[PDB]
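Worksheet: the structure to be examined is printed underneath.
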Amino acid sequence: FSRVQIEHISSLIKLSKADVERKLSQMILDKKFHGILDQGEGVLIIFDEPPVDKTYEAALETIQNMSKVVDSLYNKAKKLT
Amino acid sequence: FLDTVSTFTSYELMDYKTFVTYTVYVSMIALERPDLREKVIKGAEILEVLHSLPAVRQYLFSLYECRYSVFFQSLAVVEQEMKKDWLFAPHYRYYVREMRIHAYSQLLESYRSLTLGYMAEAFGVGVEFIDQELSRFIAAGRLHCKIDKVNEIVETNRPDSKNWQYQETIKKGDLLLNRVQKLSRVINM
Amino acid sequence: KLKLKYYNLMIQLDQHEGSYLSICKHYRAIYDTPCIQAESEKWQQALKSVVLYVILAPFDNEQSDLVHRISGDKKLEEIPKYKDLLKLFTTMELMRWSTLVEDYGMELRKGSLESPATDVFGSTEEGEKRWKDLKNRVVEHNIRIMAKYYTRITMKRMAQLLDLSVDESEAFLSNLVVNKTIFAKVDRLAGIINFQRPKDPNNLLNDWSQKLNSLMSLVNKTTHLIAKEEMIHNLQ
Amino acid sequence: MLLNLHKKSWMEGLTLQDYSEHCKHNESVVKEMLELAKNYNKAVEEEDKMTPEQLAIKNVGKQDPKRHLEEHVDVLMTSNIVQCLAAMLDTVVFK
Amino acid sequence: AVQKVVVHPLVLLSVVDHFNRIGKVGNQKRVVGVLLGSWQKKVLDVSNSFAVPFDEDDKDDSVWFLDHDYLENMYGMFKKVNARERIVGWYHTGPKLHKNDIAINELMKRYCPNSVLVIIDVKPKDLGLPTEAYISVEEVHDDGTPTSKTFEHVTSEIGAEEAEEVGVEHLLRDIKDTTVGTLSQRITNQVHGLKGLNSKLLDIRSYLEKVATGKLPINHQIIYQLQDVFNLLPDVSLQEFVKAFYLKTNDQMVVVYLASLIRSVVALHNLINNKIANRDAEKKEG
């Protein structure tokens, strides 16, 4: 269950809320646990939007395509001088 | 420098303790927090030579302890050692503000909506200090976030999963297509 | 046919401690002995004992067609307890659990056949185990339809619909969600809890392939429209 | 007519059905083959960015080109199927 | 029963060339012959056929006859040379079947368990894939009338195997092939769209015309239910259909993003390499 209260999820894990909030947030620090907690109302919500794949393809192309035009700087600026 | 103690001491390696300070000072920046404690705490051979000097060891275990009341004092001793060592002069200016965003990265990531009253519980004192401190660090470009007061909401954020996701296309494409626009319009004539 | 009678010895071992699933097909194996009989009380008590263990076994895809194999027999419907047991299974909906206690509390006084009360309520600890199991099966039967219909629900309305406390709702929702049969969302403090839904790509499969799966019937509209049109126009 | 009879293959079965079957699938599981096409984007174009640098090393064309040309332009022609047939939804849904 | 049939161009031409046979002598009525089918599975396939001389009086519009000796020994001829071929039914050129066509199938039901009759069209005009397929079945009715036979429509598709592909694929010599990705899909957007407009138009014109003239009745064996199926989905937003909108917008994101990526790659390679070989050929020769 994504959205859950912190006190009764600490009742399922049988632990105090202080080190439940800090360990769960430590799991968010590890990125293995997708989600975040809420201290104000004592809520914990899980949400994810995994795929970056298209940005990886884009960046891989264009970032190297910089050096591509740098490689064309050699030939096309050689005919000038 | 992951080899650590396997280099022992040599005339070309100068003082071995200085080499230990070189690797332990540089391992706190680009290394992840679980990877940081995996290097220093889980490392069997490196742990003793970093234990001999309490200055950096205090900064290592307090960084994992997350206490912010000893940070700038331990960073003062670390920075004082950073000033008097050669080749470290150009690199400390970014190294410090990087330790700000390093320690504040685990400060905000605790809760999406954080009550600054809970932050001010044990700080000594963080009521009005974290307001001007973190803000002036946000204005610089370190750990950008939107925090609210008198509503007592520190909202983290901003993932930047929309603009920055598609931004590299147009960003890189700006100078990319610019650099091909030069070579296109130069020749012929 | 003594080897077929040894099954009645082995049902004590399979039903003894941890397996309510092993009695599924094996209680149908002991059911073949009354088929040769030439018996009355043991035959009729075999019909009820084999039809009343459906609650014992957990819900599974095999349990559906299982009770569908025994459903439809001319000898089985003679018992009103089978009418109630079938009433809750088919079409589901809702029935007060106290009424379920009324129909399942009279089976001790009912009989004729005492064998179902001997296997279920004959033992105190096993009877109580099947009381809480019955509670978990009827609340899971409620969750099964409700979860497919959520969307969302409220916590207080769940408490009055399930006829149990809110903490018992969280307990039954806890051991059902660790079974990963239904992925839920439960927050009691705000009062808004919800079950399902996909949780799909969803931008391609759900929105695209399903909408234009209805456009299959939209482009097939005129095709079968003119068909049935000509059908009713030709015969009269 | 027998010309159009075999043209039912590449045109459409009824001249209506098969590309109304392209309105049946219609991006549906057709993004799965776009995911394999964008896997052909990553695959073919990660070795396509190695080509122009090598062209600067060997000075220049080895004749060549690898081809490694066109391709996903056709995937963008299926994107013309995406924009058109989905723009039909405004006509389908409204009246 | 029979779901769909595969009509090759060979059987269609085998009816149409016989429409030239009796068409040069004329005059009225239609070309009727015996259909040779091939049943590998629930999907039906057609390979060969043969046509028999047929005449039908109008007087007496219900009178019909065929030559059984022609059906017998020629089936003995075609089964001999090809053991896979057998008669699955008969066929006629329509264009619209008169009520007498039922008894023809009822007579040849002794030859085949289920005889599917294929209406065909010798002159292509409208609206689409030619011919038609009707299977002989008894559906009775929901009104419980004494069982009567209204032939159910079987969807017909055109296909081939190997040699039948060779002949026609060379015989086209007409339009570009395909071409894939450019003209293909958009011309299909014209044909399937516009022929779908005039289809339901003329079909809804028959919906109102049959109510205006022709009653009884045709309203409503299926009129009330079929028309309500038209009223099933209007179907507009609010709400979730608004979510599908910008979700579809989020779907076009990736593909057009990839489009700009191919633009950068195609422009990079082609422009750089062409200008290289261009400036080099000019500076070396000049």
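What you see of chain E is 5-290, where the numbers are those given in Swiss-Prot.
The header says electron microscopy, 7.0 Å.
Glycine residues also receive a Cβ, built from the backbone N, Cα and C atoms like all the rest.
As recorded in Swiss-Prot, the features of this protein are as follows:
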- E:9-144: domain 'MPN' (DOMAIN)
- E:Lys180: ubiquitin cross-link (CROSSLNK)
- E:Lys204: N6-acetyllysine (MOD_RES)
- E:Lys214: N6-acetyllysine (MOD_RES)
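Highest Cβ count within 10 Å among the recorded positions E:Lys180, E:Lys214: E:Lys214. Here the domain 'MPN' (E:9-144) has, by DSSP, the following mix of helix, strand and coil residues: 38 helix, 34 strand, 64 coil. If you measure from the Cα atom of E:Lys204 (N6-acetyllysine) to that of E:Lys180 (ubiquitin cross-link), you get 31 Å. According to DSSP, the residue listed as 'ubiquitin cross-link' is assigned to coil rather than to any helix or strand.
In this structure, the CA atom of E:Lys180 (ubiquitin cross-link) is 43 Å away from the CA atom of E:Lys214 (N6-acetyllysine).
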